[PDB]
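In the structure tokens that follow, the same protein chain appears in two forms, which are kept apart as structure 1 and structure 2.
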Structure 1
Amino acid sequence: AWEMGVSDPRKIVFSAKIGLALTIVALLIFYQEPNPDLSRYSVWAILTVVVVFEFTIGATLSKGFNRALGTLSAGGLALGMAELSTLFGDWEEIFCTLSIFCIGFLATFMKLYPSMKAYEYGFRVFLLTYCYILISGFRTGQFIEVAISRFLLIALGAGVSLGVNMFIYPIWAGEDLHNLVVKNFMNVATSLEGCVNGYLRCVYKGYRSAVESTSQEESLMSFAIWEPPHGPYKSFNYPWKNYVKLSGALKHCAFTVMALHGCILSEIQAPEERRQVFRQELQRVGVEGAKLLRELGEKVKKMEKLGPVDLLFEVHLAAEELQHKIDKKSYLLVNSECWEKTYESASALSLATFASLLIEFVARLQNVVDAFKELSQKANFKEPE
């Protein structure tokens, strides 16, 4: 839709790039030599463009490498089996059919391995190449020059797709990974404040994005290993793994925010009157946590190093003030008459679960800070000021 396009103009550029590659191949085939067989080999290029044009440069390179491997191995095996069939002069079609059965069984069995559920697209091209070459080289024989001519057009289609994708506003998966790591910090910072305000009032996509994106940041890292150097990422081997290490460190913290959100939806809840006693300390703790997470996101975005001052001083002081406040008024959580109604006791005891989950969230930040200090060292981040 128009709103979708205006919000993200990257997709419009990608669509116009694919349409331009198809237009170029079409123009060549329209104004090509009028040699015979034109309508036969013309379509192969325009149809491999639609198959090899991927969103990112690294996915294009990886998928075209696995597709070239599958096609070359299937064609070599098909030619070897076609030559071997001649020995069974009396039984030719029987041998060819039994080879098609064995190959189909083996490829279909190997694609089902748990460790190969990602590379099915190369097993399909393997089975297609073997069946096409075995069935299109029988009624005539000596089916070679044509299988060596079809690939000189598949190559042209892939060459024009690669040139158009790479040399006109390319999209790099490394920058996608960098911007996703920057986004997660702001999502978690918004969720924490939303949870505290919701509990103290007289938040889902935030931690959902940080918890549900583990595989996205691994596929982006798989694609980024093929791309050459560019921009600020100038090095033989950029440490892309420290980004995923810092993302895991942040996810370990986002699980506590998930538990704090789940406290609001519980069936058992504490009286609103007793919540207002501890309002100030909870608001200060949430404010300092959101400030620290936005500072770390801003320092990751600019590729800057940490300053000399301690970043955790204020949040630690706030958490110690909250602990003292809980200590002074603990008599509102339990009762002393029975010391030696179940619902009322559970409601009273459920406020200390919120306070303990907030103290544990403050306790888990040091690991994210250490991960950032490691990433700013492996990658030569700039000094501040």
Structure 2
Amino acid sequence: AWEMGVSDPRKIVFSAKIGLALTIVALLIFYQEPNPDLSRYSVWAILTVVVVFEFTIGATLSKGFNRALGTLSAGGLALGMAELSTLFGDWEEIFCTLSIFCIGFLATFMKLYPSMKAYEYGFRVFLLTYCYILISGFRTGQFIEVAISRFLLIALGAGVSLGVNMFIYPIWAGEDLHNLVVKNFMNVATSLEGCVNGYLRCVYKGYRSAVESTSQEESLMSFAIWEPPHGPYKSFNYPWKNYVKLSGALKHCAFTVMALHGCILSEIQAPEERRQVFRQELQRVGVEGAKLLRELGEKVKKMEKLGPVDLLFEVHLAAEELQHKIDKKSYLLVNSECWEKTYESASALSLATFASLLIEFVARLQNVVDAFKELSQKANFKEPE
């Protein structure tokens, strides 16, 4: 709807590009095509623009390379079999049908594999080009004319699809990984405070996005290694994998926020009066952790190094004060009368469970800090100063 466009004008630009490219093709065929032969197979160029035009440059480049490899191999095999069939005269069809059967079975078995999956389009292109080349030419003997004619009419369509995408308003794939890495930190920082406030009162997406985005970052890293140097990224081998390593380090910490949110939604709960004895320490720990995560996200957004001061001092001190307070009032968690109702005991122990989970969350931050240091060192970030 209009709202979606206004919010994301980029998509409108992509649609405009698609339309300008199809218009260019259509005009080049409506006017500048005097040769009659092309007319016979001139509807082959305006159908290579609707399949190779992708959102990013890297995706377009890699998928086009795969499709061209598939098409070339299929054409070569088809022509070879066509030439070899003539040996057995009067039995041509009884050979070409067995060939189409063996090749359909093979090109259908290898795709169903998990390793070779995620590359179906190439197998489909191979099977379609083999069937087309075998059936089309047949006895007429034009097994090579058709091939070179169509390859050379597809090439023009793919060139017109690539030039317009690359030279109007490029949408690079290496900046979406940077922006998703930036966004995850803020999502987790919001989730932690949301959970703490929800537990202390008288989130969902925040941790799902961090815990459920590895595949998107792996696809964006597969597309980002194909793009040439541009803008802030000038090295010839940008360490795109340290972003994934930092994302994993952050997901390992977000699993504890997921466990705390699941602790909020439990069947057995504790009396509010008991929870209101530890409010200050929990709120301090939550504020400190949110501040640390937001500072790390801000330093990742601006491509800057860490300063001299230690960032984990205050959160460590807050967690130590929390531990001291828990140690001072431990008589509200266990039953001291008997020492040699189940619901009451579970309610008593749910508070120690919550505190232990918060302490584990505070203890899992050093790995994220180390991963950030490694990324800022291999990626040549600038001095904060």
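For residue numbers, the reference is structure 1: its sequence is counted from 1. Between two forms, the rigid core is the largest collection of C-alphas that superpose within 1.5 Å.
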Check your understanding: In a fit on the core, which one among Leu38, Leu317, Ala68, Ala352 has a Cα that moves 2 Å or more between the two structures?
Key -> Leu38
Exercise for review: After aligning on the rigid core, report the distance the C-alpha of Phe138 travels between the two structures, in angstrom.
Suggested key: 1.3
Check your understanding: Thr48: how far does its C-alpha move between the two structures, core aligned, in angstrom?
Key -> 0.3
